[PDB]
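Listing of start_6.txt, compact mmCIF, C-alpha atoms and all ligand atoms
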# COMPACT_ATOMS: atom_id res chain seq x y z
CA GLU A 1 120.58 89.58 97.11
CA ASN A 2 119.77 93.27 96.66
CA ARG A 3 122.39 94.06 99.32
CA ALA A 4 124.98 92.06 97.36
CA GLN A 5 124.01 93.82 94.12
CA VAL A 6 124.19 97.28 95.70
CA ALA A 7 127.57 96.59 97.32
CA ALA A 8 129.08 95.42 94.04
CA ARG A 9 127.88 98.47 92.09
CA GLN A 10 129.49 101.09 94.35
CA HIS A 11 132.89 99.42 94.41
CA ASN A 12 132.87 98.76 90.66
CA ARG A 13 132.01 102.41 89.91
CA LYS A 14 135.15 103.48 91.81
CA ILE A 15 137.21 101.13 89.63
CA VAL A 16 135.69 102.53 86.40
CA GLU A 17 136.46 106.03 87.69
CA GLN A 18 140.05 105.07 88.47
CA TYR A 19 140.49 103.43 85.05
CA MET A 20 139.17 106.48 83.20
CA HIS A 21 141.40 108.84 85.16
CA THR A 22 144.60 106.78 84.85
CA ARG A 23 147.14 108.94 83.04
CA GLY A 24 150.86 109.15 82.40
CA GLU A 25 153.15 106.70 84.15
CA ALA A 26 150.21 105.38 86.19
CA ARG A 27 149.05 103.64 83.01
CA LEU A 28 151.82 101.10 83.63
CA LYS A 29 149.81 99.84 86.61
CA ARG A 30 146.30 100.06 85.10
CA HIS A 31 146.26 96.32 84.42
CA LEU A 32 146.06 95.77 88.17
CA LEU A 33 142.40 96.83 87.87
CA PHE A 34 141.70 93.63 85.90
CA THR A 35 141.15 90.05 86.85
CA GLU A 36 144.05 87.70 86.09
CA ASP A 37 142.18 86.56 82.95
CA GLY A 38 140.84 90.02 82.17
CA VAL A 39 140.53 91.23 78.59
CA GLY A 40 140.74 94.74 77.24
CA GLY A 41 140.97 96.22 73.82
CA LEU A 42 139.49 97.90 70.77
CA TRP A 43 136.27 96.53 69.30
CA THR A 44 136.06 98.91 66.28
CA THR A 45 138.85 98.62 63.71
CA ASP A 46 139.33 98.70 59.95
CA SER A 47 139.08 94.91 59.68
CA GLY A 48 135.79 94.61 61.55
CA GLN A 49 137.32 92.23 64.12
CA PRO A 50 138.08 93.27 67.71
CA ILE A 51 141.67 93.57 68.80
CA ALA A 52 141.67 91.98 72.26
CA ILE A 53 144.55 91.95 74.75
CA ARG A 54 143.99 88.80 76.81
CA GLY A 55 145.25 88.44 80.34
CA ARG A 56 146.42 90.82 83.04
CA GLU A 57 150.08 90.15 82.22
CA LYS A 58 149.64 90.91 78.50
CA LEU A 59 147.66 94.02 79.40
CA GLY A 60 150.54 95.20 81.59
CA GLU A 61 153.03 94.55 78.78
CA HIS A 62 150.84 96.41 76.30
CA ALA A 63 150.68 99.53 78.49
CA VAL A 64 154.41 99.95 77.92
CA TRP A 65 153.67 100.11 74.20
CA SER A 66 150.71 102.45 74.71
CA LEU A 67 152.88 104.86 76.69
CA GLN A 68 155.18 105.26 73.66
CA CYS A 69 152.55 105.47 70.91
CA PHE A 70 149.95 107.50 72.86
CA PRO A 71 152.35 109.26 75.22
CA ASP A 72 150.05 112.03 76.54
CA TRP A 73 146.60 110.46 76.15
CA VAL A 74 143.69 111.71 78.23
CA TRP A 75 140.03 110.78 78.42
CA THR A 76 137.72 113.78 78.73
CA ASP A 77 134.01 114.53 79.08
CA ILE A 78 133.68 111.33 81.09
CA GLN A 79 130.12 110.15 81.78
CA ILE A 80 129.79 106.89 83.71
CA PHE A 81 126.57 104.89 83.45
CA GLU A 82 125.68 102.28 86.03
CA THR A 83 123.21 99.67 84.80
CA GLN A 84 120.76 97.19 86.24
CA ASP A 85 123.70 94.76 86.28
CA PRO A 86 125.93 95.84 89.20
CA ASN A 87 128.86 94.33 87.28
CA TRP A 88 128.26 96.16 83.98
CA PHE A 89 128.99 99.81 83.28
CA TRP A 90 129.09 101.95 80.15
CA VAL A 91 131.15 105.11 79.73
CA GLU A 92 130.64 107.86 77.15
CA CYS A 93 133.66 110.11 76.72
CA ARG A 94 136.10 111.77 74.35
CA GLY A 95 139.81 111.11 74.18
CA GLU A 96 142.74 113.00 72.77
CA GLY A 97 146.49 113.02 72.47
CA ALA A 98 149.47 112.66 70.21
CA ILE A 99 149.53 109.52 68.08
CA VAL A 100 152.95 108.03 67.32
CA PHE A 101 151.95 104.92 65.48
CA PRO A 102 154.64 102.65 64.01
CA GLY A 103 155.19 103.54 60.36
CA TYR A 104 153.04 106.68 60.21
CA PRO A 105 153.80 110.38 60.63
CA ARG A 106 153.41 111.72 64.16
CA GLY A 107 149.97 113.22 64.52
CA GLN A 108 147.18 114.34 66.85
CA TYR A 109 144.20 112.05 67.45
CA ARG A 110 140.85 113.10 68.90
CA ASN A 111 137.75 110.94 68.96
CA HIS A 112 134.48 110.08 70.67
CA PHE A 113 134.39 106.80 72.59
CA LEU A 114 132.07 104.38 74.31
CA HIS A 115 133.56 101.92 76.80
CA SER A 116 131.97 98.77 78.20
CA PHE A 117 133.24 97.49 81.58
CA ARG A 118 132.18 94.09 82.91
CA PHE A 119 133.33 93.06 86.39
CA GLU A 120 134.03 89.82 88.21
CA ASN A 121 134.80 89.70 91.94
CA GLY A 122 135.67 93.34 92.23
CA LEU A 123 137.90 93.76 89.17
CA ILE A 124 137.49 94.32 85.44
CA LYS A 125 136.91 91.07 83.54
CA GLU A 126 136.26 92.71 80.17
CA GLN A 127 136.87 96.22 78.89
CA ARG A 128 135.80 97.07 75.34
CA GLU A 129 136.20 100.38 73.54
CA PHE A 130 134.14 101.53 70.56
CA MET A 131 134.87 104.47 68.31
CA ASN A 132 134.64 105.61 64.72
CA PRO A 133 137.89 104.42 63.05
CA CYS A 134 137.53 107.08 60.36
CA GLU A 135 138.82 109.64 62.86
CA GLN A 136 141.87 107.50 63.62
CA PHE A 137 142.49 107.15 59.87
CA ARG A 138 142.49 110.95 59.61
CA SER A 139 144.95 111.23 62.49
CA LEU A 140 147.35 108.87 60.68
CA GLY A 141 147.00 110.66 57.33
CA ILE A 142 145.01 107.79 55.80
CA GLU A 143 142.40 108.79 53.22
CA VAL A 144 138.85 108.18 54.44
CA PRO A 145 136.40 107.03 51.75
CA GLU A 146 133.34 109.20 51.23
CA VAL A 147 129.88 107.73 50.76
CA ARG A 148 128.28 109.56 47.86
CA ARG A 149 125.31 111.49 49.23
CA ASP A 150 123.98 112.98 45.98
CA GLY A 151 121.01 110.64 45.85
CA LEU A 152 120.19 111.02 49.53
CA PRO A 153 117.53 113.39 50.92
CA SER A 154 119.46 114.73 53.94
CA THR B 1 110.05 108.05 98.98
CA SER B 2 107.65 109.73 96.54
CA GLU B 3 110.52 111.00 94.39
CA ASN B 4 112.04 107.52 94.23
CA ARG B 5 108.67 106.05 93.20
CA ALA B 6 108.38 108.58 90.37
CA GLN B 7 111.85 107.71 89.12
CA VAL B 8 111.11 103.98 89.19
CA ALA B 9 107.90 104.60 87.27
CA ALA B 10 109.63 106.76 84.67
CA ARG B 11 112.36 104.19 84.12
CA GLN B 12 109.85 101.33 83.75
CA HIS B 13 107.79 103.24 81.20
CA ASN B 14 110.85 104.43 79.27
CA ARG B 15 112.22 100.90 79.12
CA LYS B 16 108.98 99.83 77.38
CA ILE B 17 109.46 102.59 74.80
CA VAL B 18 113.05 101.51 74.18
CA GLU B 19 111.85 97.93 73.71
CA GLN B 20 109.14 99.06 71.31
CA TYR B 21 111.60 101.13 69.28
CA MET B 22 114.12 98.31 68.99
CA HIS B 23 111.48 95.80 67.86
CA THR B 24 109.81 98.17 65.37
CA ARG B 25 110.26 96.73 61.88
CA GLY B 26 108.50 96.54 58.54
CA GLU B 27 105.67 98.97 57.86
CA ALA B 28 105.47 99.90 61.56
CA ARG B 29 108.64 101.89 61.02
CA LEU B 30 106.43 104.52 59.40
CA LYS B 31 105.00 105.30 62.86
CA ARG B 32 108.17 104.93 64.94
CA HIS B 33 108.47 108.72 65.09
CA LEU B 34 105.43 108.84 67.38
CA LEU B 35 107.74 107.50 70.11
CA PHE B 36 109.52 110.88 70.11
CA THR B 37 108.73 114.25 71.58
CA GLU B 38 107.63 116.91 69.12
CA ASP B 39 111.19 118.30 69.14
CA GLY B 40 112.88 114.91 69.39
CA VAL B 41 116.11 114.15 67.52
CA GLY B 42 117.35 110.87 66.08
CA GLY B 43 120.08 109.77 63.76
CA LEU B 44 123.51 108.38 63.06
CA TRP B 45 126.42 109.67 65.10
CA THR B 46 129.23 107.73 63.37
CA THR B 47 129.85 108.51 59.70
CA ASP B 48 132.71 108.84 57.23
CA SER B 49 132.79 112.62 57.68
CA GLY B 50 133.01 112.57 61.47
CA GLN B 51 129.86 114.64 61.83
CA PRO B 52 126.57 113.16 63.03
CA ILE B 53 123.58 113.02 60.72
CA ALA B 54 120.78 114.23 62.98
CA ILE B 55 117.11 114.28 61.97
CA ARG B 56 115.48 117.02 64.04
CA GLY B 57 111.81 117.02 65.02
CA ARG B 58 109.10 114.38 65.15
CA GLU B 59 107.70 115.53 61.81
CA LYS B 60 111.07 115.24 60.06
CA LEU B 61 111.66 111.84 61.68
CA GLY B 62 108.39 110.59 60.21
CA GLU B 63 109.29 111.95 56.79
CA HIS B 64 112.71 110.32 56.97
CA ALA B 65 111.14 106.94 57.73
CA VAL B 66 109.81 106.95 54.17
CA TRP B 67 113.36 107.06 52.85
CA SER B 68 114.53 104.49 55.42
CA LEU B 69 111.93 101.97 54.24
CA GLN B 70 113.21 102.38 50.70
CA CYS B 71 116.93 102.13 51.40
CA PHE B 72 116.83 99.65 54.30
CA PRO B 73 113.70 97.77 53.26
CA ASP B 74 113.94 94.80 55.64
CA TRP B 75 116.09 96.08 58.53
CA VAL B 76 116.04 94.09 61.78
CA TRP B 77 117.72 94.80 65.10
CA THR B 78 118.95 91.56 66.68
CA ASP B 79 120.70 90.50 69.91
CA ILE B 80 119.12 93.42 71.74
CA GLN B 81 120.48 94.18 75.23
CA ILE B 82 118.84 97.14 76.99
CA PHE B 83 120.71 98.93 79.77
CA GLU B 84 118.89 101.06 82.30
CA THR B 85 121.09 103.61 84.03
CA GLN B 86 121.06 105.70 87.21
CA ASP B 87 119.24 108.31 85.10
CA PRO B 88 115.66 106.99 84.66
CA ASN B 89 115.56 109.03 81.45
CA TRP B 90 118.78 107.62 79.88
CA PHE B 91 119.16 104.16 78.36
CA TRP B 92 121.82 102.45 76.30
CA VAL B 93 121.31 99.53 73.94
CA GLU B 94 123.88 97.11 72.59
CA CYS B 95 122.67 95.16 69.59
CA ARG B 96 123.31 94.03 66.05
CA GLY B 97 121.45 94.98 62.92
CA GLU B 98 121.01 93.48 59.49
CA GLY B 99 119.25 94.01 56.21
CA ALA B 100 119.57 94.84 52.58
CA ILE B 101 121.18 98.18 51.86
CA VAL B 102 119.81 99.93 48.74
CA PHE B 103 121.72 103.23 48.59
CA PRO B 104 121.28 105.49 45.56
CA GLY B 105 124.08 104.93 43.09
CA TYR B 106 125.53 101.85 44.78
CA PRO B 107 124.96 98.17 44.05
CA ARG B 108 122.29 96.59 46.21
CA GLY B 109 124.05 94.91 49.11
CA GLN B 110 123.63 93.12 52.44
CA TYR B 111 124.65 95.10 55.54
CA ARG B 112 125.45 93.63 58.96
CA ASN B 113 126.88 95.60 61.87
CA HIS B 114 127.22 95.97 65.61
CA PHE B 115 125.48 99.02 67.14
CA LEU B 116 125.23 101.02 70.33
CA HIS B 117 122.17 103.21 70.80
CA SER B 118 121.65 106.03 73.30
CA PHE B 119 118.09 106.99 74.25
CA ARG B 120 117.29 110.07 76.33
CA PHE B 121 113.71 110.71 77.40
CA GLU B 122 111.47 113.64 78.26
CA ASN B 123 107.94 113.17 79.64
CA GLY B 124 107.63 109.57 78.60
CA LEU B 125 108.90 109.94 75.03
CA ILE B 126 112.26 109.94 73.23
CA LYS B 127 113.98 113.33 73.20
CA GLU B 128 117.25 112.13 71.67
CA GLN B 129 118.17 108.86 69.97
CA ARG B 130 121.74 108.37 68.76
CA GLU B 131 123.20 105.42 66.85
CA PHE B 132 126.90 104.40 66.98
CA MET B 133 128.57 101.86 64.68
CA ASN B 134 131.80 101.18 62.83
CA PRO B 135 131.34 102.74 59.37
CA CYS B 136 133.92 100.40 57.83
CA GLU B 137 131.31 97.64 57.81
CA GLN B 138 128.88 99.89 55.94
CA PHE B 139 131.63 100.72 53.46
CA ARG B 140 132.06 96.98 52.84
CA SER B 141 128.33 96.54 52.28
CA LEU B 142 128.45 99.27 49.62
CA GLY B 143 131.52 97.86 47.85
CA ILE B 144 133.68 100.77 49.05
CA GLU B 145 137.31 99.88 49.73
CA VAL B 146 138.26 100.15 53.41
CA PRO B 147 141.76 101.47 54.16
CA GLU B 148 144.04 99.17 56.12
CA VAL B 149 146.16 100.38 59.02
CA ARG B 150 149.53 98.70 58.55
CA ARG B 151 150.30 96.46 61.51
CA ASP B 152 153.88 95.41 60.75
CA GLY B 153 155.29 97.69 63.41
CA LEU B 154 152.90 96.65 66.15
CA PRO B 155 153.31 94.14 68.97
CA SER B 156 151.99 90.73 67.93
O1 LIG A 201 145.09 101.87 67.77
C1 LIG A 201 145.08 100.69 67.88
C2 LIG A 201 145.12 100.11 69.29
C3 LIG A 201 145.71 100.83 70.32
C4 LIG A 201 145.75 100.32 71.60
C5 LIG A 201 145.20 99.09 71.86
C6 LIG A 201 144.63 98.38 70.82
BR1 LIG A 201 143.87 96.66 71.17
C7 LIG A 201 144.58 98.87 69.54
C8 LIG A 201 145.07 99.80 66.65
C9 LIG A 201 145.91 98.69 66.48
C10 LIG A 201 146.84 98.10 67.33
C11 LIG A 201 146.83 96.71 67.36
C12 LIG A 201 147.72 96.02 68.17
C13 LIG A 201 148.60 96.72 68.96
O2 LIG A 201 149.48 96.02 69.79
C14 LIG A 201 148.60 98.11 68.94
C15 LIG A 201 147.72 98.80 68.12
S1 LIG A 201 145.55 98.04 64.91
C16 LIG A 201 144.34 99.20 64.49
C17 LIG A 201 143.56 99.32 63.34
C18 LIG A 201 142.65 100.36 63.26
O3 LIG A 201 141.89 100.45 62.11
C19 LIG A 201 142.51 101.27 64.31
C20 LIG A 201 143.28 101.14 65.45
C21 LIG A 201 144.22 100.08 65.54
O1 LIG A 202 123.21 105.31 56.57
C1 LIG A 202 123.11 106.50 56.68
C2 LIG A 202 121.97 107.07 57.52
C3 LIG A 202 122.09 108.24 58.25
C4 LIG A 202 121.00 108.69 58.99
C5 LIG A 202 119.81 107.99 58.97
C6 LIG A 202 119.70 106.83 58.22
BR1 LIG A 202 118.06 105.79 58.15
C7 LIG A 202 120.78 106.38 57.50
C8 LIG A 202 124.10 107.44 56.01
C9 LIG A 202 123.74 108.55 55.29
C10 LIG A 202 122.51 109.12 55.03
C11 LIG A 202 122.47 110.50 55.14
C12 LIG A 202 121.29 111.17 54.92
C13 LIG A 202 120.16 110.44 54.59
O2 LIG A 202 118.96 111.12 54.35
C14 LIG A 202 120.21 109.06 54.48
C15 LIG A 202 121.40 108.39 54.70
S1 LIG A 202 125.18 109.30 54.72
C16 LIG A 202 126.27 108.15 55.42
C17 LIG A 202 127.66 108.06 55.42
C18 LIG A 202 128.27 107.01 56.08
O3 LIG A 202 129.66 106.95 56.07
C19 LIG A 202 127.51 106.05 56.74
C20 LIG A 202 126.14 106.14 56.76
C21 LIG A 202 125.51 107.21 56.08
This entry written out as structure tokens:
Amino acid sequence: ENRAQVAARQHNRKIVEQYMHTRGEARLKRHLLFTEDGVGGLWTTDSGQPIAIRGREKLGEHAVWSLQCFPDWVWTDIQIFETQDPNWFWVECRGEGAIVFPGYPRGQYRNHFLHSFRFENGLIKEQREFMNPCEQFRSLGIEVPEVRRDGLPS
Amino acid sequence: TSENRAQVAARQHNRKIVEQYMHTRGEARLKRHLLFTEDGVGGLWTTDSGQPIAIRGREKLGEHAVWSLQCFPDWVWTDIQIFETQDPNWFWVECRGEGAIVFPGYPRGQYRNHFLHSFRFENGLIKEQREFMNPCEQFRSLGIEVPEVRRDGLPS
């Protein structure tokens, strides 16, 4: 069983690496790193509900959109964490690029990210990204509310 | 090997400290800073301003606990999942948290959120703790209006 666990972890790490380094036109094929029922998406949004893209086909369709609205996106400062689960990885990184979001002025978006990758049978079953949406608000020209700190110590 | 045994031992001990931290609640929070190195850092990495709020030093962490017990009087971490990593001195935690929020100048509220924690260790104690959440949920708990990204132009 330890052999099976070890085997899984090394292959899955390569897939996380490939995902995090997928750039440009290659993003159109990134969904091939998922299971047929794989899910990806953004877990931290203004509404408090995740935005999940469900299914390898819908993920492939969505990459076409992502290529237009984040045309030069790169992940940077990539740190991949294996865990005691050979099928679960976490990634700490930054990301940056132009943001061309429908209905908003073209801007530049930079943020810190955490990604969760869960695997099934050698491919990604669930990818989740977590960030501070306040930085995406700023990139879109949306006013960020400020918590009053006057009464706080520091 | 002897080096592998030392890494296993460090990871097992550090996991116990992460567990203790995550289950520390009530008055015990006043002593949670003893789980840190003398120069340890803790705090909140995701805020409205985009800059972390870092509390630097075991002494300052203990002093800050006094404020934390006033403004989050009954905080609980729930749904705790602890992740060891290939670094015996680096752990991640996925969890939820809940409690009253009693922030100066705001109405008393109830705050619920999802959290990720990072714990880095030195010599058996916490050198750096960092907390990551979506601040929009804390805005809601304080009665602060959350801006809405318009979705009309997006694929549905
Ligand atoms: O930036 C995204 C995004 C980008 C790529 C994938 C995913 Br999933 C989400 C956001 C949205 C989105 C939703 C549906 C789409 O088809 C396209 C974009 S809504 C929204 C609200 C926020 O407060 C912050 C970010 C977003
Ligand atoms: O919740 C906290 C917080 C930060 C660090 C430790 C603890 Br405990 C709580 C926030 C603040 C704070 C700052 C300085 C203090 O001394 C006490 C509170 S400001 C702010 C702004 C946000 O948008 C969201 C959260 C906070």
Which residues of chain A come within 6 Å of ligand LIG 202 (chain A), and for each one, what is the closest pair of atoms and their distance in Å to one decimal, counting all atoms listed in the file, sorted by chain and residue number, as CSV?
residue,atom,partner,partner_atom,distance
A:147,CA,A:LIG202,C17,5.2
A:149,CA,A:LIG202,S1,5.9
A:152,CA,A:LIG202,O2,5.0
A:153,CA,A:LIG202,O2,4.4
A:154,CA,A:LIG202,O2,3.7
Per-residue nearest contacts chain B to chain A, cut-off 7 Å, using all atoms listed in the file, as a tab-separated table:
residue	atom	partner	partner_atom	distance
B:46	CA	A:132	CA	6.0
B:48	CA	A:134	CA	6.0
B:50	CA	A:135	CA	6.7
B:83	CA	A:83	CA	5.7
B:84	CA	A:83	CA	5.2
B:85	CA	A:83	CA	4.5
B:86	CA	A:82	CA	5.9
B:104	CA	A:151	CA	5.2
B:134	CA	A:132	CA	5.6
B:135	CA	A:132	CA	6.9
B:136	CA	A:46	CA	6.1
B:137	CA	A:48	CA	6.6
B:146	CA	A:46	CA	6.8
B:147	CA	A:46	CA	6.9
B:148	CA	A:46	CA	6.1
B:153	CA	A:102	CA	5.0
B:154	CA	A:102	CA	6.6
Could those selected residues go to a file with C-alpha atoms, as a short mmCIF file (atom, residue, chain, number, x, y, z; two decimals), keeping the file's coordinate frame?
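Output contents, as saved in selection03.cif:
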data_model
loop_
_atom_site.label_atom_id
_atom_site.label_comp_id
_atom_site.auth_asym_id
_atom_site.auth_seq_id
_atom_site.Cartn_x
_atom_site.Cartn_y
_atom_site.Cartn_z
CA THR B 46 129.23 107.73 63.37
CA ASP B 48 132.71 108.84 57.23
CA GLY B 50 133.01 112.57 61.47
CA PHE B 83 120.71 98.93 79.77
CA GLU B 84 118.89 101.06 82.30
CA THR B 85 121.09 103.61 84.03
CA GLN B 86 121.06 105.70 87.21
CA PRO B 104 121.28 105.49 45.56
CA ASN B 134 131.80 101.18 62.83
CA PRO B 135 131.34 102.74 59.37
CA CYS B 136 133.92 100.40 57.83
CA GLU B 137 131.31 97.64 57.81
CA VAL B 146 138.26 100.15 53.41
CA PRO B 147 141.76 101.47 54.16
CA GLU B 148 144.04 99.17 56.12
CA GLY B 153 155.29 97.69 63.41
CA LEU B 154 152.90 96.65 66.15
#
Residue among B:102, B:6, B:34, B:95 lying closest to residue 81 of chain B, counting only C-alpha atoms:
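Nearest candidate to residue 81 of chain B out of B:102, B:6, B:34, B:95: B:95.
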Within 9 Å of segment 52-58 of chain B, counting all atoms listed in the file, which residues qualify if same-chain residues fewer than 3 places away don't, as a list in words?
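Residues near the query, excluding close chain neighbours: residues 154 of chain A; 33, 34, 35, 36, 37, 38, 39, 40, 41, 42, 43, 44, 45, 46, 47, 49, 61, 62, 63, 64 and 130 of chain B.
The space between atom CA of residue 31 of chain A and atom CA of residue 114 of chain B spans 26.8 Å.
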To one decimal place, how far is atom CA of residue 125 of chain B from atom CA of residue 28 of chain B in Å?
17.1 Å
In Å, how far is it from atom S1 of ligand LIG 201 (chain A) to atom CA of residue 15 of chain A?
26.3 Å
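The nearest approach to residue 10 of chain A among the residues A:127, A:108, A:66, A:87, with only C-alpha atoms taken into account, belongs to A:87.
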Which of these residues is nearest to residue 12 of chain B, using only C-alpha atoms: B:139, B:90, B:103, B:111?
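The shortest atom-to-atom distance to residue 12 of chain B comes from B:90.
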Any idea what's packed within 12 Å of residue 11 of chain A, counting all atoms listed in the file, ignoring anything in its chain fewer than 6 positions away? Could you give it as an MDAnalysis selection string?
chainID A and resid 4:5 17:18 33 82 86:89 119:124
Do you know which residues lie at most 10 Å from (117.7, 92.3, 70.6), with coordinates as in the file and all atoms listed in the file counted, and could you write them as a PyMOL selection string?
chain B and resi 19+22-23+76-82+93-97
Residues within 10 Å of residue 67 of chain A, all atoms listed in the file, excluding chain neighbours under 5 positions, as a list in words
residues 23, 24, 25, 26, 27, 28, 62, 72, 73 and 100 of chain A
What are the centre and the three edge lengths of an axis-aligned box that wraps all atoms of segment 109-118 of chain A in the file, given that 6 Å is added to every side, written as lines of an AutoDock Vina configuration file and rounded to one decimal in Å?
center_x = 138.1
center_y = 103.6
center_z = 75.2
size_x = 24.2
size_y = 31.0
size_z = 27.5
